[PDB]
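One structure is given below, encoded as structure tokens.
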Amino acid sequence: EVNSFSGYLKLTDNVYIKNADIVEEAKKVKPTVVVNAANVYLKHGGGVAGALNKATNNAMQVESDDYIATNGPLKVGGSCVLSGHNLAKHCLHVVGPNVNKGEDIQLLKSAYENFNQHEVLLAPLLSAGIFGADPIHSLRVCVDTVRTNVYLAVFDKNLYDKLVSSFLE
Ligand SMILES: CC(C)[C@H](Nc1ncnc2[nH]c(-c3ccc4c(c3)C(C)(C)C(=O)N4)cc12)c1ccc2c(c1)S(=O)(=O)CCC2
């Protein structure tokens, strides 16, 4: 079956959320598009990016290095489409701002706007975790910006409960 998302809570007509590891979701669903929370040189050294690259047995990193050699780095707020490998048909590598490194939180709207070029996506909460953005603000930007169908996987039950409560106020 195609894009077999299960156990998500529908927040708006196009935004769904689950307490789950995005890697486990991608292996089970094999979505058309999985979003990676990338950096501008596509160096998947840890966090979400590291876990998705390890699940491809480093094929995503080798492919990424070859993309960067030919095209140069991405811009913060930008994206590129590469192979999904065993995780999806395509991986959309999106660069959200890293606020802990001084990047502008306003670019989080540009980052989510890349999702609108794909009908259905499995994605993480952009710029959250060690990128330093307020996760409740990131969910609000997603809901206000994405118009195609996005399934958010957040791998932390405590944060998932805070996000759902904040949305439902
Ligand atoms: C907010 C947070 C809960 C969320 N985390 C995540 N959200 C969704 N799916 C996730 N999988 C993992 C993961 C990370 C290591 C590993 C694994 C899985 C497995 C068990 C496969 C293993 O063995 N190692 C994390 C993760 C999050 C959201 C966005 C960003 C970050 C983190 S970041 O990576 O800090 C910086 C980029 C932006």
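The chains in the structure tokens are called A, B, ... from first to last as shown; in each chain the residues are counted from 1, and the ligands are counted from 1 in the order shown.
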
Return as JSON lines the residues of chain A lying at most 6 Å from ligand 1, together with the closest atom-to-atom pair for each and the distance in Å to one decimal, counting only C-alpha atoms and all ligand atoms, with rows in chain order and ascending residue number.
{"residue": "A:21", "atom": "CA", "partner": "ligand 1", "partner_atom_place_in_ligand_line": "9 (N)", "distance": 3.7}
{"residue": "A:22", "atom": "CA", "partner": "ligand 1", "partner_atom_place_in_ligand_line": "9 (N)", "distance": 3.9}
{"residue": "A:23", "atom": "CA", "partner": "ligand 1", "partner_atom_place_in_ligand_line": "11 (N)", "distance": 5.9}
{"residue": "A:37", "atom": "CA", "partner": "ligand 1", "partner_atom_place_in_ligand_line": "37 (C)", "distance": 5.1}
{"residue": "A:47", "atom": "CA", "partner": "ligand 1", "partner_atom_place_in_ligand_line": "34 (O)", "distance": 3.3}
{"residue": "A:48", "atom": "CA", "partner": "ligand 1", "partner_atom_place_in_ligand_line": "34 (O)", "distance": 4.1}
{"residue": "A:51", "atom": "CA", "partner": "ligand 1", "partner_atom_place_in_ligand_line": "16 (C)", "distance": 5.0}
{"residue": "A:124", "atom": "CA", "partner": "ligand 1", "partner_atom_place_in_ligand_line": "28 (C)", "distance": 5.2}
{"residue": "A:125", "atom": "CA", "partner": "ligand 1", "partner_atom_place_in_ligand_line": "28 (C)", "distance": 4.7}
{"residue": "A:126", "atom": "CA", "partner": "ligand 1", "partner_atom_place_in_ligand_line": "29 (C)", "distance": 5.1}
{"residue": "A:127", "atom": "CA", "partner": "ligand 1", "partner_atom_place_in_ligand_line": "38 (C)", "distance": 4.5}
{"residue": "A:128", "atom": "CA", "partner": "ligand 1", "partner_atom_place_in_ligand_line": "29 (C)", "distance": 4.4}
{"residue": "A:129", "atom": "CA", "partner": "ligand 1", "partner_atom_place_in_ligand_line": "35 (O)", "distance": 3.6}
{"residue": "A:130", "atom": "CA", "partner": "ligand 1", "partner_atom_place_in_ligand_line": "35 (O)", "distance": 4.1}
{"residue": "A:131", "atom": "CA", "partner": "ligand 1", "partner_atom_place_in_ligand_line": "36 (C)", "distance": 5.0}
{"residue": "A:153", "atom": "CA", "partner": "ligand 1", "partner_atom_place_in_ligand_line": "8 (C)", "distance": 5.2}
{"residue": "A:154", "atom": "CA", "partner": "ligand 1", "partner_atom_place_in_ligand_line": "7 (N)", "distance": 4.3}
{"residue": "A:155", "atom": "CA", "partner": "ligand 1", "partner_atom_place_in_ligand_line": "7 (N)", "distance": 4.2}
{"residue": "A:156", "atom": "CA", "partner": "ligand 1", "partner_atom_place_in_ligand_line": "3 (C)", "distance": 4.8}

Practice prompt. Extract, using only C-alpha atoms, all DNA, RNA and protein residues at most 12 Å from residue 64 of chain A, discarding same-chain residues fewer than 6 positions from it, and format them as a list in words.
Written response: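 Surrounding residues, per the criterion: residues 36, 38, 39, 40, 41, 42, 43, 44, 49, 53, 58, 70, 71, 72, 73, 74, 80, 81, 82, 83, 84, 85, 91, 92 and 93 of chain A.
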
Any chance you could export the current selection's N, CA, C and O atoms as a JSON list (two decimals), in the first residue's frame?
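Generated file (result.json):
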[["chain", "number", "residue", "atom", "x", "y", "z"],
["A", 36, "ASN", "N", 14.56, 15.27, 5.29],
["A", 36, "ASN", "CA", 15.71, 15.21, 6.21],
["A", 36, "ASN", "C", 15.92, 16.64, 6.76],
["A", 36, "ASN", "O", 15.81, 17.63, 6.01],
["A", 38, "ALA", "N", 18.41, 18.71, 7.27],
["A", 38, "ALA", "CA", 19.78, 18.83, 6.76],
["A", 38, "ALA", "C", 20.49, 20.10, 7.18],
["A", 38, "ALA", "O", 19.88, 21.02, 7.76],
["A", 39, "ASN", "N", 21.83, 20.18, 6.92],
["A", 39, "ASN", "CA", 22.59, 21.40, 7.01],
["A", 39, "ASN", "C", 23.07, 21.73, 5.59],
["A", 39, "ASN", "O", 22.90, 20.91, 4.65],
["A", 40, "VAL", "N", 23.66, 22.91, 5.40],
["A", 40, "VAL", "CA", 23.95, 23.39, 4.06],
["A", 40, "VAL", "C", 24.96, 22.55, 3.25],
["A", 40, "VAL", "O", 24.87, 22.57, 2.00],
["A", 41, "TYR", "N", 25.89, 21.85, 3.90],
["A", 41, "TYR", "CA", 26.80, 20.96, 3.17],
["A", 41, "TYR", "C", 26.36, 19.53, 3.17],
["A", 41, "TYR", "O", 27.12, 18.64, 2.72],
["A", 42, "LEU", "N", 25.10, 19.24, 3.63],
["A", 42, "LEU", "CA", 24.62, 17.86, 3.64],
["A", 42, "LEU", "C", 25.56, 16.89, 4.31],
["A", 42, "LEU", "O", 25.75, 15.75, 3.84],
["A", 43, "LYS", "N", 26.10, 17.30, 5.44],
["A", 43, "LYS", "CA", 26.95, 16.42, 6.28],
["A", 43, "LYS", "C", 26.07, 15.85, 7.41],
["A", 43, "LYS", "O", 25.64, 16.61, 8.29],
["A", 44, "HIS", "N", 25.68, 14.60, 7.29],
["A", 44, "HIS", "CA", 24.68, 13.97, 8.17],
["A", 44, "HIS", "C", 25.41, 13.38, 9.39],
["A", 44, "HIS", "O", 25.56, 12.15, 9.54],
["A", 49, "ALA", "N", 19.41, 13.60, 10.81],
["A", 49, "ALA", "CA", 20.13, 13.34, 9.57],
["A", 49, "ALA", "C", 21.05, 12.14, 9.69],
["A", 49, "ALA", "O", 21.14, 11.29, 8.80],
["A", 53, "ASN", "N", 20.74, 8.70, 7.57],
["A", 53, "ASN", "CA", 21.87, 8.24, 6.74],
["A", 53, "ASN", "C", 22.29, 6.81, 7.22],
["A", 53, "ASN", "O", 22.57, 5.95, 6.37],
["A", 58, "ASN", "N", 24.99, 4.44, 4.87],
["A", 58, "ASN", "CA", 25.82, 5.52, 4.38],
["A", 58, "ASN", "C", 25.64, 5.85, 2.88],
["A", 58, "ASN", "O", 26.35, 6.76, 2.37],
["A", 70, "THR", "N", 29.06, 18.94, -7.31],
["A", 70, "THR", "CA", 28.60, 19.49, -8.58],
["A", 70, "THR", "C", 27.81, 20.78, -8.44],
["A", 70, "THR", "O", 27.91, 21.66, -9.30],
["A", 71, "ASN", "N", 27.00, 20.91, -7.38],
["A", 71, "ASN", "CA", 26.10, 22.06, -7.24],
["A", 71, "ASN", "C", 26.45, 23.07, -6.17],
["A", 71, "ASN", "O", 25.78, 24.11, -6.09],
["A", 72, "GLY", "N", 27.41, 22.76, -5.28],
["A", 72, "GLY", "CA", 27.69, 23.67, -4.17],
["A", 72, "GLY", "C", 26.65, 23.52, -3.05],
["A", 72, "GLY", "O", 25.65, 22.82, -3.19],
["A", 73, "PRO", "N", 26.91, 24.18, -1.91],
["A", 73, "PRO", "CA", 26.01, 24.06, -0.75],
["A", 73, "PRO", "C", 24.64, 24.67, -0.95],
["A", 73, "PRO", "O", 24.44, 25.57, -1.75],
["A", 74, "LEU", "N", 23.70, 24.20, -0.13],
["A", 74, "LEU", "CA", 22.36, 24.78, -0.12],
["A", 74, "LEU", "C", 22.43, 26.13, 0.62],
["A", 74, "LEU", "O", 23.45, 26.46, 1.24],
["A", 80, "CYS", "N", 16.96, 20.43, -1.49],
["A", 80, "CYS", "CA", 17.21, 19.71, -2.73],
["A", 80, "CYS", "C", 16.54, 18.35, -2.63],
["A", 80, "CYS", "O", 16.29, 17.85, -1.52],
["A", 81, "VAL", "N", 16.19, 17.77, -3.79],
["A", 81, "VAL", "CA", 15.59, 16.43, -3.85],
["A", 81, "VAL", "C", 16.64, 15.42, -4.30],
["A", 81, "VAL", "O", 17.25, 15.58, -5.38],
["A", 82, "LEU", "N", 16.89, 14.40, -3.47],
["A", 82, "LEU", "CA", 17.79, 13.31, -3.83],
["A", 82, "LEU", "C", 17.07, 11.98, -3.64],
["A", 82, "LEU", "O", 15.86, 11.95, -3.34],
["A", 83, "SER", "N", 17.78, 10.84, -3.82],
["A", 83, "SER", "CA", 17.14, 9.55, -3.66],
["A", 83, "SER", "C", 16.67, 9.34, -2.22],
["A", 83, "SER", "O", 17.33, 9.77, -1.24],
["A", 84, "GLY", "N", 15.60, 8.58, -2.10],
["A", 84, "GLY", "CA", 15.11, 8.13, -0.80],
["A", 84, "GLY", "C", 15.77, 6.83, -0.36],
["A", 84, "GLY", "O", 15.49, 6.33, 0.74],
["A", 85, "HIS", "N", 16.54, 6.16, -1.28],
["A", 85, "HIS", "CA", 17.18, 4.89, -0.95],
["A", 85, "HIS", "C", 16.12, 3.87, -0.47],
["A", 85, "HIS", "O", 15.07, 3.75, -1.12],
["A", 91, "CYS", "N", 14.19, 11.71, -0.99],
["A", 91, "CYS", "CA", 14.46, 12.42, 0.24],
["A", 91, "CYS", "C", 14.55, 13.88, -0.11],
["A", 91, "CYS", "O", 15.38, 14.29, -0.96],
["A", 92, "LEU", "N", 13.73, 14.71, 0.57],
["A", 92, "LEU", "CA", 13.78, 16.15, 0.42],
["A", 92, "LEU", "C", 14.67, 16.70, 1.56],
["A", 92, "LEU", "O", 14.27, 16.64, 2.74],
["A", 93, "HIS", "N", 15.90, 17.16, 1.23],
["A", 93, "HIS", "CA", 16.82, 17.63, 2.28],
["A", 93, "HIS", "C", 16.51, 19.09, 2.47],
["A", 93, "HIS", "O", 16.68, 19.87, 1.55]]

inquiry  = Please list as number ranges by chain every residue within 12 Å of residue 142 of chain A, counting only C-alpha atoms and excluding residues in the same chain fewer than 5 positions away.
reply    = A: 11-12, 14-17, 96, 108-116, 123-127, 135-137, 147-152, 167

**Asked** DSSP says alpha helix (DSSP H) for which residues of segment 24-142 of chain A? Put them as number ranges by chain?
**Response** A: 24-29, 47-55, 59-71, 107-113, 135-142

Between A:4, A:98, A:165, A:86, which one has atoms that come closest to residue 57 of chain A, using only C-alpha atoms?
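So, comparing all the options, the nearest one is A:86.
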
Just list the residues in chain A DSSP gives strand (DSSP E) on the backbone, as a PyMOL selection string. chain A and resi 9-12+15-19+33-37+79-83+90-94+120-123+149-154

Output N, CA and C atoms for every residue in that selection, as an mmCIF file, in the first residue's frame.
data_model
loop_
_atom_site.group_PDB
_atom_site.id
_atom_site.type_symbol
_atom_site.label_atom_id
_atom_site.label_comp_id
_atom_site.auth_asym_id
_atom_site.auth_seq_id
_atom_site.Cartn_x
_atom_site.Cartn_y
_atom_site.Cartn_z
ATOM 1 N N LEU A 9 -2.447 11.647 14.650
ATOM 2 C CA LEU A 9 -3.568 12.473 15.113
ATOM 3 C C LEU A 9 -3.667 13.610 14.087
ATOM 4 N N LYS A 10 -4.845 13.782 13.477
ATOM 5 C CA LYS A 10 -5.049 14.853 12.518
ATOM 6 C C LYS A 10 -5.237 16.169 13.250
ATOM 7 N N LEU A 11 -4.352 17.164 12.996
ATOM 8 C CA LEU A 11 -4.452 18.476 13.668
ATOM 9 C C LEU A 11 -5.264 19.430 12.795
ATOM 10 N N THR A 12 -4.899 19.539 11.496
ATOM 11 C CA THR A 12 -5.653 20.370 10.538
ATOM 12 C C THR A 12 -5.936 19.496 9.319
ATOM 13 N N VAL A 15 -2.286 18.598 8.201
ATOM 14 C CA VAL A 15 -1.146 18.350 9.111
ATOM 15 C C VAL A 15 -1.549 17.280 10.100
ATOM 16 N N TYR A 16 -0.736 16.193 10.169
ATOM 17 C CA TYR A 16 -0.944 15.031 11.046
ATOM 18 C C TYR A 16 0.312 14.882 11.939
ATOM 19 N N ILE A 17 0.169 14.290 13.133
ATOM 20 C CA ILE A 17 1.324 14.168 14.025
ATOM 21 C C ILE A 17 1.326 12.836 14.759
ATOM 22 N N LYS A 18 2.530 12.296 15.020
ATOM 23 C CA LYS A 18 2.690 11.035 15.738
ATOM 24 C C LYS A 18 3.911 11.073 16.647
ATOM 25 N N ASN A 19 3.840 10.397 17.782
ATOM 26 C CA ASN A 19 5.012 10.183 18.676
ATOM 27 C C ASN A 19 5.730 8.983 18.075
ATOM 28 N N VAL A 33 7.887 10.709 -0.139
ATOM 29 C CA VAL A 33 8.950 11.649 0.251
ATOM 30 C C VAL A 33 9.166 11.593 1.741
ATOM 31 N N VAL A 34 10.452 11.471 2.163
ATOM 32 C CA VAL A 34 10.861 11.656 3.542
ATOM 33 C C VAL A 34 11.674 12.929 3.611
ATOM 34 N N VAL A 35 11.412 13.800 4.595
ATOM 35 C CA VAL A 35 12.192 15.029 4.746
ATOM 36 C C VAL A 35 13.361 14.815 5.700
ATOM 37 N N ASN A 36 14.555 15.275 5.293
ATOM 38 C CA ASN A 36 15.714 15.214 6.206
ATOM 39 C C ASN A 36 15.922 16.640 6.765
ATOM 40 N N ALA A 37 16.274 16.735 8.069
ATOM 41 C CA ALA A 37 16.569 18.032 8.679
ATOM 42 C C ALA A 37 18.098 18.191 8.436
ATOM 43 N N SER A 79 16.354 23.775 -0.163
ATOM 44 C CA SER A 79 16.271 22.334 -0.198
ATOM 45 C C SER A 79 16.779 21.761 -1.487
ATOM 46 N N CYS A 80 16.961 20.430 -1.491
ATOM 47 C CA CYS A 80 17.210 19.714 -2.730
ATOM 48 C C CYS A 80 16.541 18.351 -2.634
ATOM 49 N N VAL A 81 16.186 17.765 -3.789
ATOM 50 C CA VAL A 81 15.585 16.427 -3.849
ATOM 51 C C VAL A 81 16.642 15.418 -4.297
ATOM 52 N N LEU A 82 16.893 14.402 -3.468
ATOM 53 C CA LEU A 82 17.787 13.307 -3.829
ATOM 54 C C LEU A 82 17.066 11.977 -3.639
ATOM 55 N N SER A 83 17.778 10.838 -3.821
ATOM 56 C CA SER A 83 17.143 9.549 -3.663
ATOM 57 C C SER A 83 16.672 9.336 -2.221
ATOM 58 N N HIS A 90 11.832 9.464 -2.618
ATOM 59 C CA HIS A 90 12.715 10.610 -2.602
ATOM 60 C C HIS A 90 13.005 11.125 -1.200
ATOM 61 N N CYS A 91 14.188 11.712 -0.987
ATOM 62 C CA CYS A 91 14.462 12.419 0.243
ATOM 63 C C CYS A 91 14.545 13.875 -0.110
ATOM 64 N N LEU A 92 13.726 14.706 0.568
ATOM 65 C CA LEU A 92 13.784 16.151 0.420
ATOM 66 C C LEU A 92 14.667 16.702 1.555
ATOM 67 N N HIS A 93 15.899 17.156 1.235
ATOM 68 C CA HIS A 93 16.822 17.626 2.278
ATOM 69 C C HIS A 93 16.510 19.087 2.474
ATOM 70 N N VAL A 94 16.002 19.469 3.647
ATOM 71 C CA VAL A 94 15.592 20.863 3.906
ATOM 72 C C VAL A 94 16.454 21.453 5.008
ATOM 73 N N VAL A 120 2.624 14.618 -0.627
ATOM 74 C CA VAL A 120 2.544 13.927 0.655
ATOM 75 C C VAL A 120 3.981 13.775 1.171
ATOM 76 N N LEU A 121 4.235 14.131 2.427
ATOM 77 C CA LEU A 121 5.582 14.006 3.005
ATOM 78 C C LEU A 121 5.511 13.481 4.404
ATOM 79 N N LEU A 122 6.553 12.697 4.788
ATOM 80 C CA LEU A 122 6.864 12.290 6.157
ATOM 81 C C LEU A 122 7.994 13.210 6.608
ATOM 82 N N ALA A 123 7.820 13.956 7.722
ATOM 83 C CA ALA A 123 8.813 14.938 8.094
ATOM 84 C C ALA A 123 9.075 15.053 9.591
ATOM 85 N N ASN A 149 0.114 17.621 2.132
ATOM 86 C CA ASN A 149 -0.245 16.738 3.239
ATOM 87 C C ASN A 149 1.030 16.281 3.959
ATOM 88 N N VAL A 150 1.216 16.765 5.163
ATOM 89 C CA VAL A 150 2.442 16.486 5.951
ATOM 90 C C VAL A 150 2.155 15.686 7.191
ATOM 91 N N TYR A 151 2.945 14.581 7.363
ATOM 92 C CA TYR A 151 2.877 13.677 8.508
ATOM 93 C C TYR A 151 4.145 13.879 9.342
ATOM 94 N N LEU A 152 3.967 14.542 10.499
ATOM 95 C CA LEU A 152 5.091 14.856 11.391
ATOM 96 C C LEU A 152 5.330 13.732 12.352
ATOM 97 N N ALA A 153 6.570 13.261 12.378
ATOM 98 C CA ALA A 153 6.996 12.274 13.365
ATOM 99 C C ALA A 153 7.927 12.932 14.378
ATOM 100 N N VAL A 154 7.516 12.923 15.667
ATOM 101 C CA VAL A 154 8.290 13.590 16.733
ATOM 102 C C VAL A 154 8.691 12.488 17.711
#

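Using only C-alpha atoms, the nearest neighbour of residue 32 of chain A within the list A:119, A:103, A:63, A:134 is A:119.
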